[PDB]
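A.B. asks: Please find upload15.txt (compact mmCIF, C-alpha atoms) on the next line:
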```
# COMPACT_ATOMS: atom_id res chain seq x y z
CA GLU A 5 222.17 -22.70 2.54
CA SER A 6 225.45 -21.36 1.10
CA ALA A 7 227.40 -18.28 2.29
CA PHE A 8 226.92 -15.73 -0.52
CA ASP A 9 223.16 -16.50 -0.68
CA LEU A 10 222.81 -15.93 3.08
CA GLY A 11 220.33 -13.25 4.12
CA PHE A 12 221.92 -10.11 5.58
CA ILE A 13 222.64 -10.64 9.28
CA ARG A 14 220.77 -8.44 11.75
CA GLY A 15 221.92 -10.00 14.99
CA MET A 16 222.46 -9.74 18.72
CA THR A 17 224.77 -11.63 21.09
CA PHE A 18 223.03 -13.11 24.14
CA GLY A 19 223.94 -14.45 27.55
CA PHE A 20 227.72 -14.00 27.86
CA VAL A 21 229.63 -15.26 29.83
CA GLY A 22 227.12 -18.14 30.04
CA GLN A 23 227.72 -19.05 33.69
CA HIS A 24 226.20 -22.35 34.80
CA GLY A 25 222.49 -22.03 35.58
CA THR A 26 222.00 -18.51 34.21
CA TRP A 27 220.27 -19.48 30.93
CA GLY A 28 217.88 -21.87 32.69
CA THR A 29 216.31 -18.95 34.58
CA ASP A 30 212.99 -17.15 34.08
CA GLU A 31 215.09 -13.98 33.60
CA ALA A 32 216.94 -15.48 30.60
CA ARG A 33 213.66 -16.60 28.98
CA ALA A 34 212.13 -13.12 29.50
CA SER A 35 215.31 -11.47 28.17
CA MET A 36 215.33 -13.65 25.02
CA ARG A 37 211.66 -12.77 24.42
CA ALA A 38 212.58 -9.06 24.65
CA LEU A 39 215.51 -9.59 22.24
CA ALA A 40 213.20 -11.31 19.70
CA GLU A 41 210.83 -8.28 19.75
CA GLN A 42 213.62 -6.19 18.13
CA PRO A 43 214.17 -6.42 14.35
CA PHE A 44 216.84 -9.14 14.70
CA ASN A 45 216.93 -12.23 12.48
CA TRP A 46 219.90 -13.77 14.36
CA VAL A 47 220.99 -14.43 17.92
CA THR A 48 224.42 -15.59 19.04
CA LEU A 49 224.53 -17.74 22.16
CA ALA A 50 227.96 -16.90 23.54
CA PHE A 51 229.67 -18.47 26.56
CA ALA A 52 233.20 -19.06 27.86
CA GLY A 53 235.05 -22.13 29.10
CA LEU A 54 237.81 -21.31 31.59
CA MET A 55 241.57 -21.54 31.70
CA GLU A 56 243.28 -21.01 35.07
CA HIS A 57 246.02 -18.88 33.47
CA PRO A 58 247.00 -17.83 29.89
CA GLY A 59 249.70 -20.54 29.82
CA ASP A 60 247.54 -23.44 31.13
CA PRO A 61 246.54 -25.84 28.32
CA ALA A 62 243.60 -27.27 30.36
CA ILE A 63 240.12 -25.89 29.58
CA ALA A 64 237.15 -26.32 31.93
CA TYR A 65 233.75 -26.29 30.22
CA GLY A 66 230.26 -27.67 30.81
CA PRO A 67 228.67 -27.71 34.30
CA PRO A 68 229.50 -26.51 36.90
CA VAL A 69 231.56 -23.95 34.96
CA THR A 70 229.41 -23.10 31.92
CA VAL A 71 225.75 -23.37 31.02
CA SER A 72 224.83 -27.02 30.51
CA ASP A 73 224.18 -28.60 27.10
CA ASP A 74 220.51 -28.60 28.16
CA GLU A 75 220.57 -24.85 28.93
CA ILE A 76 222.08 -24.22 25.48
CA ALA A 77 219.38 -26.43 23.90
CA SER A 78 216.70 -24.54 25.89
CA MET A 79 217.91 -21.14 24.62
CA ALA A 80 218.37 -22.41 21.03
CA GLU A 81 214.86 -23.92 21.12
CA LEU A 82 213.32 -20.70 22.46
CA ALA A 83 215.15 -18.47 19.93
CA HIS A 84 214.11 -20.83 17.08
CA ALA A 85 210.47 -20.78 18.23
CA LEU A 86 210.65 -16.97 18.21
CA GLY A 87 211.82 -17.01 14.57
CA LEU A 88 215.53 -16.36 15.11
CA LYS A 89 218.46 -18.16 13.51
CA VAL A 90 221.08 -19.20 16.08
CA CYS A 91 224.88 -19.04 16.06
CA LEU A 92 226.62 -21.02 18.80
CA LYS A 93 229.80 -19.33 19.99
CA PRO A 94 231.93 -21.15 22.58
CA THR A 95 235.10 -19.36 23.62
CA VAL A 96 237.69 -19.34 26.44
CA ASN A 97 238.41 -16.82 29.20
CA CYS A 98 241.26 -16.82 31.73
CA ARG A 99 240.43 -16.85 35.43
CA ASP A 100 243.27 -14.40 36.11
CA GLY A 101 241.64 -11.90 33.73
CA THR A 102 244.14 -12.20 30.85
CA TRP A 103 242.49 -11.52 27.50
CA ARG A 104 242.18 -14.71 25.41
CA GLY A 105 244.00 -12.91 22.55
CA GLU A 106 247.19 -13.05 24.63
CA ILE A 107 247.30 -16.75 25.63
CA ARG A 108 250.79 -18.14 25.04
CA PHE A 109 252.90 -21.27 25.42
CA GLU A 110 256.67 -21.69 25.54
CA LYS A 111 256.59 -24.82 23.34
CA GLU A 112 254.84 -25.75 20.10
CA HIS A 113 254.75 -29.50 20.87
CA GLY A 114 254.52 -31.82 23.90
CA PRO A 115 251.21 -33.40 24.96
CA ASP A 116 252.18 -33.41 28.67
CA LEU A 117 253.84 -29.98 28.60
CA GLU A 118 252.27 -26.53 28.54
CA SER A 119 252.43 -26.48 24.74
CA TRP A 120 250.28 -25.17 21.89
CA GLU A 121 249.75 -28.86 21.05
CA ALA A 122 248.33 -29.60 24.51
CA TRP A 123 246.08 -26.50 24.49
CA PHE A 124 244.72 -27.16 21.00
CA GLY A 125 244.03 -30.71 22.20
CA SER A 126 241.77 -29.27 24.91
CA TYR A 127 240.34 -26.61 22.58
CA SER A 128 239.59 -29.04 19.74
CA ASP A 129 237.90 -31.38 22.25
CA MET A 130 235.73 -28.47 23.48
CA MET A 131 234.82 -27.26 19.98
CA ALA A 132 233.96 -30.81 18.80
CA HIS A 133 231.66 -31.16 21.82
CA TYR A 134 229.81 -27.90 21.10
CA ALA A 135 229.80 -28.50 17.33
CA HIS A 136 227.83 -31.67 18.11
CA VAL A 137 225.50 -29.61 20.38
CA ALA A 138 225.06 -27.12 17.51
CA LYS A 139 224.09 -29.95 15.13
CA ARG A 140 221.66 -31.54 17.60
CA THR A 141 220.00 -28.19 18.39
CA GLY A 142 219.78 -27.11 14.72
CA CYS A 143 221.99 -24.03 15.14
CA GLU A 144 222.38 -22.35 11.77
CA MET A 145 225.95 -21.18 12.49
CA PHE A 146 228.92 -22.22 14.64
CA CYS A 147 231.84 -19.93 15.58
CA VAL A 148 235.12 -21.85 15.99
CA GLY A 149 236.95 -19.04 17.80
CA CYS A 150 236.97 -15.45 19.03
CA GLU A 151 239.85 -12.91 19.04
CA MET A 152 242.57 -15.59 19.31
CA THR A 153 245.36 -13.32 18.04
CA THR A 154 248.32 -15.25 19.54
CA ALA A 155 246.76 -18.57 18.45
CA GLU A 156 246.19 -17.53 14.80
CA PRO A 157 249.72 -18.21 13.44
CA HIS A 158 249.26 -21.87 14.46
CA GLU A 159 247.58 -22.53 11.11
CA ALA A 160 247.84 -26.34 11.10
CA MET A 161 246.29 -26.62 14.58
CA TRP A 162 243.48 -24.25 13.58
CA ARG A 163 242.84 -26.32 10.43
CA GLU A 164 242.56 -29.44 12.60
CA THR A 165 240.07 -27.75 14.94
CA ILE A 166 238.04 -26.66 11.92
CA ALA A 167 238.14 -30.13 10.27
CA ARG A 168 236.98 -31.60 13.57
CA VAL A 169 234.05 -29.16 13.73
CA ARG A 170 233.13 -29.97 10.09
CA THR A 171 233.06 -33.65 11.11
CA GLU A 172 230.42 -32.91 13.80
CA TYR A 173 228.54 -30.04 12.17
CA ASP A 174 227.39 -29.28 8.61
CA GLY A 175 226.00 -25.76 9.05
CA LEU A 176 227.74 -22.43 8.45
CA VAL A 177 231.14 -22.02 10.06
CA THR A 178 232.93 -18.79 10.91
CA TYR A 179 236.01 -17.68 12.80
CA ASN A 180 235.74 -14.37 14.68
CA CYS A 181 239.04 -12.44 14.57
CA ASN A 182 239.81 -9.20 16.44
CA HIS A 183 239.55 -5.77 14.81
CA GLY A 184 242.74 -5.17 12.80
CA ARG A 185 243.26 -8.92 12.24
CA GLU A 186 240.98 -9.41 9.21
CA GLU A 187 243.86 -9.19 6.72
CA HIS A 188 246.22 -11.23 8.93
CA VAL A 189 244.36 -14.54 9.35
CA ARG A 190 245.69 -17.22 6.99
CA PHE A 191 242.96 -19.88 7.27
CA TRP A 192 239.87 -17.97 5.99
CA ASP A 193 239.66 -20.53 3.17
CA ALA A 194 238.71 -23.18 5.78
CA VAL A 195 235.58 -21.30 6.93
CA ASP A 196 232.37 -20.18 5.17
CA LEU A 197 232.24 -16.59 6.44
CA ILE A 198 234.94 -14.17 7.52
CA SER A 199 233.99 -12.39 10.76
CA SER A 200 235.50 -9.87 13.15
CA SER A 201 235.03 -8.01 16.41
CA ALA A 202 234.80 -4.68 14.59
CA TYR A 203 235.25 -2.25 17.48
CA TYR A 204 236.52 0.55 15.26
CA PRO A 205 236.54 4.09 16.72
CA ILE A 206 233.83 6.47 15.44
CA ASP A 207 236.34 8.33 13.24
CA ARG A 208 238.01 5.17 11.90
CA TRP A 209 235.01 3.55 10.13
CA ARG A 210 235.26 5.29 6.73
CA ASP A 211 239.03 4.64 6.61
CA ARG A 212 238.64 0.95 7.52
CA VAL A 213 235.94 -0.09 5.01
CA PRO A 214 238.32 -0.30 2.00
CA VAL A 215 240.54 -2.93 3.70
CA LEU A 216 237.48 -4.92 4.85
CA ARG A 217 236.16 -4.97 1.27
CA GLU A 218 239.65 -5.95 0.04
CA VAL A 219 239.81 -8.84 2.53
CA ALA A 220 236.39 -10.18 1.49
CA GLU A 221 237.17 -9.87 -2.23
CA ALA A 222 240.70 -11.32 -1.90
CA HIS A 223 239.50 -14.48 -0.11
CA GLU A 224 236.27 -14.61 -2.16
CA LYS A 225 234.25 -14.94 1.07
CA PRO A 226 231.51 -12.77 2.55
CA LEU A 227 232.50 -10.77 5.64
CA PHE A 228 230.40 -9.79 8.66
CA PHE A 229 230.91 -8.55 12.21
CA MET A 230 230.63 -11.32 14.83
CA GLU A 231 230.97 -8.56 17.44
CA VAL A 232 230.12 -4.86 17.14
CA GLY A 233 229.05 -2.38 19.77
CA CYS A 234 229.83 0.41 22.19
CA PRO A 235 229.16 1.01 25.90
CA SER A 236 226.93 3.95 26.83
CA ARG A 237 229.79 5.78 28.58
CA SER A 238 231.54 9.12 27.92
CA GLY A 239 234.34 8.85 25.33
CA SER A 240 233.69 5.13 24.69
CA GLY A 241 233.25 5.82 20.95
CA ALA A 242 237.03 6.29 20.76
CA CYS A 243 237.72 2.88 22.33
CA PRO A 244 234.62 0.72 21.61
CA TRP A 245 236.36 -2.57 22.56
CA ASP A 246 236.97 -1.46 26.17
CA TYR A 247 234.29 -2.54 28.66
CA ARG A 248 236.50 -1.23 31.50
CA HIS A 249 236.71 2.33 30.08
CA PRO A 250 235.90 4.77 32.91
CA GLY A 251 233.43 7.59 32.25
CA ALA A 252 230.00 8.97 33.08
CA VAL A 253 226.94 7.27 31.60
CA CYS A 254 226.41 8.73 28.13
CA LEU A 255 223.59 7.37 25.96
CA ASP A 256 224.40 9.64 22.98
CA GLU A 257 227.97 8.33 22.69
CA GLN A 258 226.65 4.81 22.01
CA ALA A 259 224.08 6.17 19.54
CA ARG A 260 226.76 8.11 17.63
CA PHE A 261 228.86 4.94 17.35
CA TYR A 262 226.01 3.06 15.68
CA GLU A 263 225.18 5.98 13.36
CA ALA A 264 228.85 6.28 12.31
CA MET A 265 229.04 2.54 11.58
CA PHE A 266 225.77 2.37 9.61
CA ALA A 267 226.81 5.48 7.65
CA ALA A 268 230.17 3.95 6.65
CA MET A 269 229.12 0.41 5.73
CA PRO A 270 228.20 0.10 2.03
CA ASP A 271 225.27 -1.82 0.56
CA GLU A 272 227.53 -4.30 -1.23
CA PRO A 273 227.20 -8.09 -1.47
CA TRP A 274 230.61 -8.84 0.18
CA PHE A 275 229.32 -7.44 3.49
CA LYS A 276 226.84 -9.69 5.30
CA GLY A 277 225.98 -7.69 8.40
CA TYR A 278 226.13 -7.29 12.13
CA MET A 279 226.16 -9.41 15.24
CA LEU A 280 225.83 -6.76 17.94
CA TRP A 281 227.54 -6.89 21.35
CA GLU A 282 225.66 -7.48 23.64
CA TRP A 283 222.42 -8.52 25.46
CA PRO A 284 222.40 -9.78 29.08
CA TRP A 285 220.60 -12.92 30.28
CA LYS A 286 219.24 -10.65 33.04
CA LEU A 287 217.72 -7.61 31.31
CA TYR A 288 217.19 -4.33 33.21
CA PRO A 289 213.78 -2.62 32.94
CA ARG A 290 213.45 0.04 30.19
CA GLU A 291 213.24 2.86 32.75
CA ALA A 292 216.64 1.93 34.26
CA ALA A 293 218.41 2.30 30.88
CA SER A 294 219.41 5.94 31.49
CA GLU A 295 221.59 4.73 34.39
CA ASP A 296 223.12 1.79 32.50
CA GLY A 297 226.67 2.09 31.15
CA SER A 298 226.88 -1.32 29.46
CA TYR A 299 227.01 -2.44 25.82
CA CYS A 300 223.28 -3.20 25.93
CA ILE A 301 221.21 -0.94 23.64
CA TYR A 302 217.85 -1.78 25.29
CA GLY A 303 215.89 1.32 26.37
CA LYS A 304 218.55 3.66 24.98
CA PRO A 305 218.57 5.88 21.83
CA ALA A 306 220.84 3.27 20.15
CA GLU A 307 217.90 0.82 20.29
CA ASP A 308 215.97 3.12 17.93
CA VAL A 309 219.05 3.83 15.79
CA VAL A 310 219.51 0.06 15.37
CA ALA A 311 215.78 -0.68 14.95
CA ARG A 312 215.40 1.89 12.15
CA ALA A 313 218.42 0.61 10.20
CA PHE A 314 217.56 -3.08 10.74
CA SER A 315 213.82 -2.65 10.01
CA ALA A 316 214.67 -0.90 6.73
CA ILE A 317 216.89 -3.84 5.74
CA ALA A 318 214.27 -6.32 7.07
CA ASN A 319 211.10 -4.80 5.56
CA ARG A 320 212.78 -4.47 2.12
```
Could you take the file, read its structure, and then write that structure out as structure tokens?
C.D. replies:
Amino acid sequence: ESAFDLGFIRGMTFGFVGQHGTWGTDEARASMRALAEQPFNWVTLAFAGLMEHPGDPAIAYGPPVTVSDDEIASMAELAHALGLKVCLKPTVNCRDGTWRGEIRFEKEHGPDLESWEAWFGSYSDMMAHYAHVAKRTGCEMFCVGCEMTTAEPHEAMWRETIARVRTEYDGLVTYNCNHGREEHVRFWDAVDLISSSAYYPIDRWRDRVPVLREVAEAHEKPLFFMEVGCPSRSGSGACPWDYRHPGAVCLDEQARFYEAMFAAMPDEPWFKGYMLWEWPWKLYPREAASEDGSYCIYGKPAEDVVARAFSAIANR
């Protein structure tokens, strides 16, 4: 169905970074079952192809690097049988640890150089491949990119990648920008839904909503969060995007983040919901949650905070 008619998204991201073999495990199947017991109507299957360095245009994806096409199909099939809609979200990470939002090339053109042209060649090839996987596996959404801040001004190359995806895939298409980039992306017209990694600090939510509304209304597209969440660590609510943030385990900090977000987001048709970050393919037991400092909400007060809000939206 169309974008404005879409049911409000109550989602969870699963299985990142999608290392080869991990989703084909009994653990992954048990973890997906646990995810589906929460009041989620969506799951995002997220995984990363690999670049050697942020200036290398070559991208390694598929086995032995990523989960296989069969592993993706297995997870999509399981999620679908459990009543979830599925977004497929391929992305790229750098082996040297450089954030994908900082990839950069010295040249725009040159197919045998380290150019934006060469990289988008590799990236378009990868996205076409997974767009075809998404079609074959009946995925209801496909995400053409995540947090690609340095790549964004290459509008023509993004439009090509999107047109290539459209060729392979006729479901809903989004691009996932970083927090603070919602108003900066210039190709929102080429996708069906505007999405962002909305890691806004606890105290920034109320202030940020107006611009988010303005972005949705300006481009006449619904907007949702392709990533939102907070680690259960002390002070993390001030820097939700940072998985490396040092601090004692703190379950309340994560809960406060979710409460602040839910409090600030209006019940207005331009806003289409939440794809939470994140759920592991190997899920810890409930009792171990008090020791866990990750983004996962399982077994923590945030689980209940999320369940209450999502159930209320669901049972309406």
A.B. asks: So, with all atoms listed in the file as the atoms that count, which of A:291, A:159, A:73, A:307 lies closest to residue 24 in chain A?
C.D. replies: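 So, comparing all the options, the nearest one is A:73.
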A.B. asks: For residue 53 in chain A, which residue out of A:135, A:98, A:166, A:13 is the nearest one, using only C-alpha atoms?
C.D. replies: A:98
A.B. asks: Once 8 Å is added on each side, what centre and edge lengths in Å to one decimal does the axis-aligned box around all listed atoms of range 268-277 of chain A have, as lines of an AutoDock Vina configuration file?
C.D. replies:
```
center_x = 227.9
center_y = -2.9
center_z = 3.5
size_x = 21.3
size_y = 29.6
size_z = 25.9
```
A.B. asks: For residue 154 in chain A, please output as an mmCIF file with C-alpha atoms, in the coordinates of the input all residues within 10 Å (counting all atoms listed in the file; exclusion window: fewer than 3 positions along the same chain).
C.D. replies:
```cif
data_model
loop_
_atom_site.group_PDB
_atom_site.id
_atom_site.type_symbol
_atom_site.label_atom_id
_atom_site.label_comp_id
_atom_site.auth_asym_id
_atom_site.auth_seq_id
_atom_site.Cartn_x
_atom_site.Cartn_y
_atom_site.Cartn_z
ATOM 1 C CA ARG A 104 242.180 -14.710 25.410
ATOM 2 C CA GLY A 105 244.000 -12.910 22.550
ATOM 3 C CA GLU A 106 247.190 -13.050 24.630
ATOM 4 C CA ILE A 107 247.300 -16.750 25.630
ATOM 5 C CA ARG A 108 250.790 -18.140 25.040
ATOM 6 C CA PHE A 109 252.900 -21.270 25.420
ATOM 7 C CA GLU A 151 239.850 -12.910 19.040
ATOM 8 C CA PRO A 157 249.720 -18.210 13.440
ATOM 9 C CA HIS A 158 249.260 -21.870 14.460
#
```
A.B. asks: Expressed in Å to a single decimal, how great is the separation between CA of residue 25 in chain A and CA of residue 124 in chain A?
C.D. replies: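 Pair CA of residue 25 in chain A / CA of residue 124 in chain A returns 27.1 Å.
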A.B. asks: Suppose you want the space between CA of residue 233 in chain A and CA of residue 281 in chain A; what is it in Å?
C.D. replies: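 It comes out at 5.0 Å.
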A.B. asks: May I ask which of the residues A:142, A:114, A:22, A:297 is the closest one to residue 84 in chain A, counting only C-alpha atoms?
C.D. replies: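 Smallest distance to residue 84 in chain A is found for A:142.
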A.B. asks: Between A:48, A:141, A:182, A:78, which has the minimum distance to residue 94 in chain A (counting only C-alpha atoms)?
C.D. replies: A:48
A.B. asks: Work out how far CA of residue 115 in chain A is from CA of residue 179 in chain A, in Å to one decimal.
C.D. replies: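 Answer for the CA of residue 179 in chain A to CA of residue 115 in chain A separation: 25.0 Å.
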A.B. asks: Name the closest residue to residue 152 in chain A among the candidates A:180, A:29, A:45, A:294; distances are taken between atoms, counting all atoms listed in the file.
C.D. replies: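 Nearest to residue 152 in chain A: A:180.
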A.B. asks: Using all atoms listed in the file, which residues sit within 12 Å of residue 171 in chain A once same-chain residues fewer than 5 positions away are excluded, as a list in words?
C.D. replies: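 What passes the distance filter is residues 128, 131, 132, 133, 134, 135, 136, 139, 164, 165, 166 and 177 of chain A.
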A.B. asks: What would the file look like if the residues just selected were written as a tab-separated table (two decimals), in the coordinates of the input with C-alpha atoms?
C.D. replies:
```tsv
chain	number	residue	atom	x	y	z
A	128	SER	CA	239.59	-29.04	19.74
A	131	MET	CA	234.82	-27.26	19.98
A	132	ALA	CA	233.96	-30.81	18.80
A	133	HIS	CA	231.66	-31.16	21.82
A	134	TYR	CA	229.81	-27.90	21.10
A	135	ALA	CA	229.80	-28.50	17.33
A	136	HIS	CA	227.83	-31.67	18.11
A	139	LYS	CA	224.09	-29.95	15.13
A	164	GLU	CA	242.56	-29.44	12.60
A	165	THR	CA	240.07	-27.75	14.94
A	166	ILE	CA	238.04	-26.66	11.92
A	177	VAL	CA	231.14	-22.02	10.06
```
A.B. asks: From the options A:169, A:63, A:279, A:264, which residue's atoms come nearest to residue 50 in chain A, counting only C-alpha atoms?
C.D. replies: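 That would be A:279, the residue with the smallest distance to residue 50 in chain A.
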A.B. asks: Got a sec to check which residues sit within 12 Å of (248.2, -25.7, 33.9), counting all atoms listed in the file, and write them as a PyMOL selection string?
C.D. replies: chain A and resi 54-64+98-99+108-109+116-119+122-123+126
A.B. asks: Do you know which residues are at most 10 Å from residue 282 in chain A counting all atoms listed in the file, after dropping those on the same chain fewer than 4 positions away, and could you put them as a list in words?
C.D. replies: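 Within the cut-off, the hits are residues 15, 16, 17, 18, 19, 20, 48, 50, 231, 232, 233, 234, 235, 298, 299, 300, 301 and 302 of chain A.
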A.B. asks: Need to verify the contact set: range 245-254 of chain A, 7 Å, only C-alpha atoms, exclusion of same-chain residues closer than 3 positions in sequence. Can you return it as a PyMOL selection string?
C.D. replies: chain A and resi 203+235-238+240+257+295-297
A.B. asks: Show me, as a PDB file with C-alpha atoms, in the coordinates of the input, the residues that have an atom within 12 Å of residue 222 in chain A when counting only C-alpha atoms, minus same-chain residues fewer than 5 positions from it.
C.D. replies:
```
ATOM      1  CA  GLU A 186     240.980  -9.410   9.210  1.00  0.00           C
ATOM      2  CA  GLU A 187     243.860  -9.190   6.720  1.00  0.00           C
ATOM      3  CA  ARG A 190     245.690 -17.220   6.990  1.00  0.00           C
ATOM      4  CA  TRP A 192     239.870 -17.970   5.990  1.00  0.00           C
ATOM      5  CA  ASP A 193     239.660 -20.530   3.170  1.00  0.00           C
ATOM      6  CA  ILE A 198     234.940 -14.170   7.520  1.00  0.00           C
ATOM      7  CA  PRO A 214     238.320  -0.300   2.000  1.00  0.00           C
ATOM      8  CA  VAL A 215     240.540  -2.930   3.700  1.00  0.00           C
ATOM      9  CA  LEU A 216     237.480  -4.920   4.850  1.00  0.00           C
ATOM     10  CA  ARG A 217     236.160  -4.970   1.270  1.00  0.00           C
ATOM     11  CA  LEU A 227     232.500 -10.770   5.640  1.00  0.00           C
ATOM     12  CA  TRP A 274     230.610  -8.840   0.180  1.00  0.00           C
TER      13      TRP A 274
END
```
